[PDB]
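Single chain ahead, written as structure tokens, the form deposited in one PDB entry.
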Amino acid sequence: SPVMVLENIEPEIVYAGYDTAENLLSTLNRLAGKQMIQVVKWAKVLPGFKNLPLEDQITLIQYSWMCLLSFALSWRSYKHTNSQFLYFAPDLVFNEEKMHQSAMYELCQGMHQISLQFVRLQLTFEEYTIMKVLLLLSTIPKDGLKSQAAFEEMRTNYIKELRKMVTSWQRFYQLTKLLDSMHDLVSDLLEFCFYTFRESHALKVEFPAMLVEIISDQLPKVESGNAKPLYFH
């Protein structure tokens, strides 16, 4: 039973341990590193995904960590603030002022825009959950994965699970359209993230060992079009 397993393994609260732009960004990076810990424990108990060679699991996670965390940022903003603010952590909610101080003001707007989508679609917890798994399987290597045959079977099943959900019948295509749009939002998130990373030493913006670990060997798997985003439309 996919749905029941998905809600149970869903990670829980996590403090960021909370003011210039550099300190604000350093904080979110540390919070990111702490959230990626919950993402790793969550994925390892994920149906299907946990049976693919460990190499595919790690790769998929590195291609999609930004998706998963920002998408969650939305669920959280949706649930705790009716999408009115950015709920990164309990001790750190963002409003236009904050979004401004992080030197991240447009990027914030885009995420807040996803949240707004949630309240408008009246997104469901059951939908959210399956959708977060699909985001995990939203980007693959340009020429395919090791166990590609297995990958597609699993991905098709979760797509089927989302279908079982919505069955008005159009809501399906609405949620999968929303999923494709996430790609656009995350591609901008990463470009800015890749830049701050490259200048971290000069900008005084702290990045956790984990994020450094991921972003580092992610760039090579992306550059020269070595990555392939999967869309529904």
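Residue positions are given as counts along the sequence shown, with the first one as 1.
- Where coordinates are absent for parts of the deposited sequence, a chain break appears; between neighbours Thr167 and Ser168 it spans 4 to 9 residues.
- When 21-29 is weighed against 215-223, 215-223 comes out higher, by mean CA B-factor as recorded in the entry.
- A summary of the deposited B-factors shows that, of 58-66 and 203-211, the stretch with the larger mean C-alpha value is 203-211.
- Looking only at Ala103, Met111, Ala150, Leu137, the residue with the top Cα B factor in the deposited structure is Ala103.
- Per-chain ranking of the deposited C-alpha B factor places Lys132 in the lowest third.
- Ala72 sits in the lowest third of its chain by CA B factor, as recorded in the PDB entry.
- When the modelled residues of the chain are ordered by C-alpha B-factor, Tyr78 sits in the middle third.
- Per the deposited record, the Cα B-factor of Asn157 falls in the lowest third when ranked against the other modelled residues of its chain.
- In the deposited entry, the Cα temperature factor of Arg171 sits in the middle third of values across the chain's modelled residues.
What comes next is about the form deposited with a partner chain bound, which does not appear here.
- A heavy atom within 4.5 Å of its partner chain in the bound PDB entry is found for one listed residue only; from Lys44, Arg198, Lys164, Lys204, this is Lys44.
- Although the partner is absent from this view, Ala209 contacts its partner chain in the bound PDB entry, with a non-hydrogen atom inside 4.5 angstroms.
- Residue contact with its partner chain in the bound PDB entry: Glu213 places a heavy atom within 4.5 Å of it.
- Contact annotation: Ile61 falls within 4.5 Å of its partner chain in the bound PDB entry, judged by heavy atom distances.
- In the bound PDB entry, its partner chain lies within 4.5 Å of some heavy atom of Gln57.
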